[PDB]
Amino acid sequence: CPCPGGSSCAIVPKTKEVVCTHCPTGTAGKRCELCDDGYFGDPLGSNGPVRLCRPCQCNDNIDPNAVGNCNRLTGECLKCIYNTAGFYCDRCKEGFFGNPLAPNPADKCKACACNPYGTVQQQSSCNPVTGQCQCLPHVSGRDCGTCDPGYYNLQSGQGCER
């Protein structure tokens, strides 16, 4: 059998070709040349040096029971949860802010929720760490949703006036 240590093989009938069957854990493919789902690397050096298959590294921000969580070759996370994003689920989705590495799911990424009347050009994204939205003149609040004390007419859509 043209398969790694442990792998048994089978002569398929539907085309008459041999394929590996008990590929070592972490690898898959007809020759156990691919990494299994949930893993990434290049077990047989098919595309560069040999890279042992290892579990995806997505800062624990992926569903353990989902499939296709990461690119089997590069390790790029594909199914980041909790509104996280980035190559390794280490950023927040655009329009969100917080700390993707915060251990409690609720504290990872919260929506910017920028008030459209007070935010410059009605932007939907805010500072990624503080969440501060970019406010029009004399508007205040993280979401730019209220006028500064003594100013009025937020709905002017151009800042508050005295």
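When you see a residue number, it is the position in the sequence shown, counting from 1.
The PDB entry reports B-factors from which the mean C-alpha value can be compared for 143 to 151 and 16 to 24; the larger average falls on 16 to 24. Of the two segments examined, 106 to 114 and 52 to 60, it is 106 to 114 that shows the higher average Cα temperature factor in the deposited entry. Of the residues listed, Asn69, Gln121, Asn99, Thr130, the entry assigns the biggest Cα temperature factor to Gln121.
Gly41: CA B factor in the lowest third of modelled residues in this chain (values from the PDB entry).
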